[PDB]
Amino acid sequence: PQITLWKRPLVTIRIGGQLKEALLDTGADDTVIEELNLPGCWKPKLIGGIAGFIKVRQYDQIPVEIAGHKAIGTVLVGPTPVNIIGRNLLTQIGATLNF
């Protein structure tokens, strides 16, 4: 699909057997999903942006379906206003910017 940028690029993903809405964010290195009791051993991580850092739990090799496309990679779990799909998963689905 082609996603225009008139409104925030929000899409449906599937993670941990749950369906959620997430923002496709080319400015995010990593993927950050809101409080989700994900299974696995995780490692602590701090990630940052405007107004600073939050603590998150890093889970690896987590399958994430994005608009019907299967990806598998690192997901960071912590308190966020919006679920964010970052480049680590966008690349796995052949996503590009075009102009």
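In case it trips you up, residue 1 is the first one in the sequence shown, and so on.
Enquirer: Report the stretch with the higher mean CA temperature factor, choosing between 52-60 and 35-43 on the basis of the entry.
Expert: The deposited B-factors put 35-43 ahead on the C-alpha mean.
Enquirer: Lowest, middle or highest third: which one holds residue 95 when the chain's residues are ordered by CA B-factor from the entry?
Expert: Middle third.
Enquirer: What third of its chain, lowest, middle or highest, does the C-alpha temperature factor of residue 23 fall into?
Expert: Tercile = lowest for this residue's CA B-factor.
Enquirer: Compared with the other modelled residues in the chain, in which third is the CA B-factor of residue 80?
Expert: Highest third, going by the recorded CA B-factors of the chain.
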